[PDB]
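One chain is shown next in C-alpha cells, namely the form deposited without the partner chain.
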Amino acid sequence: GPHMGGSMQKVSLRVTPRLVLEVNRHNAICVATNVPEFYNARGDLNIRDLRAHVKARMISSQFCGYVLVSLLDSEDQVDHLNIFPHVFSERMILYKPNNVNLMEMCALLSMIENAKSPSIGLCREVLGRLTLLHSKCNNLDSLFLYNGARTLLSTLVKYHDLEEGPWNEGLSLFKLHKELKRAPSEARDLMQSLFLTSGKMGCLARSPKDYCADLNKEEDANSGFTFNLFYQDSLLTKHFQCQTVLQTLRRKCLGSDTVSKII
C-alpha cells in the first residue's frame, strides 16, 4: 500500500516491468518482437535454446535491447491504462544491459507475457530459472526483474486457476477484472466503468499490426523508417491495442536513448 495509516492497504503502487519485447534494427527497418516459446508441450523450459538465443542477441549487430515500461499496479487495468501519456512515455525505456543473465531475465519476462496457454508447470519452471538468474546477479536490476516476473506469473496462476506457494496476489486489477465477469449486470457494468475503463491513454485498435502499418505509410513516400510489431495476444499483452501505446513504442524503438541500468 501507499503507507497512509491503514485506510488504503489494498491499493498497490508496486512497480512491474511490462510490455517486454526484443528490438532489432537494420537498414531503415525496426522490429519489436516477443521472445519465442522456448518450452515444450508439458511446460519444460528449454534452457539450452533460451540461453543460446540470448547469447546470440548480445553479440548480434541488429540487437538494440529490450523495450519495456515500468507500470504501477493501480495503473494496469488489463486492457486500459490509468496513466497520462506524458508519464507513460517517461516510463518506457530501451534496456540493453551488458550482462547475459539480466538479458535472459528480460527474455523470460517477454516469454511470460506472450505465453498463449500457460500451464502451472511452465510457471514453476520459469520461476525456478529466474530465481537462479537472480542468485547469480544479486543486484537491483535483477531484484526488480525477479519481483516483476513473480508478479506476472502470479497474475496468470490466479487468473487462469492454474493451481488446484511461491506466488503473490499478482496485479490487483486483474483479480477485479476476473471477479466482475460474474457480478450481476448493472453492478458489473458500473464497477467496470469506475475501475477498469480509464480513458487517459485513449482508444484501442482492432489490429495493432495494421495500426503500425498505417503509421509507416505516412512517411513511405519520403523513405521514412519502417517500424513493425510482432507479439502474441494474451491476458498480459492487451495494452498493445492502445493506439497511444503503439505511437510511443514506435518513437522509443526508433529513438537513440538506450540505458544499461534500470534502477
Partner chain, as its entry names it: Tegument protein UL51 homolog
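Numbering follows the first chain given and starts at 1. By rigid core we mean the largest C-alpha set that fits within 1.5 Å across both forms.
Keep in mind that the form solved in complex with the partner chain is missing from the display, and what follows is about it.
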property: The partner chain in the bound PDB entry: contacting segment from 113-121, 181-189, 128-136, 96-104, heavy atom within 4.5 Å; result: 181-189
property: Contact at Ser12, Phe84 and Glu90 by the partner chain in the bound PDB entry, all three, heavy atom at most 4.5 Å; result: yes
property: Exercise: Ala221 in contact with the partner chain in the bound PDB entry, heavy atom 4.5 Å; result: no
property: Non-hydrogen atom contact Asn228 with the partner chain in the bound PDB entry at 4.5 angstroms; result: no
property: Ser70 within 4.5 Å of the partner chain in the bound PDB entry, heavy atoms; result: yes
property: Non-hydrogen atom contact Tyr211 with the partner chain in the bound PDB entry at 4.5 angstroms; result: no
property: Position with Cα shift of 2 Å or more, rigid core superposed between this form and the one not shown, options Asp210, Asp49, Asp233, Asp220; result: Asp220
property: Core superposition between this form and the one not shown, C-alpha change of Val87 at least 2 Å; result: no
property: CA of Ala187, rigid core aligned, shift of 2 Å or more between this form and the one not shown; result: yes
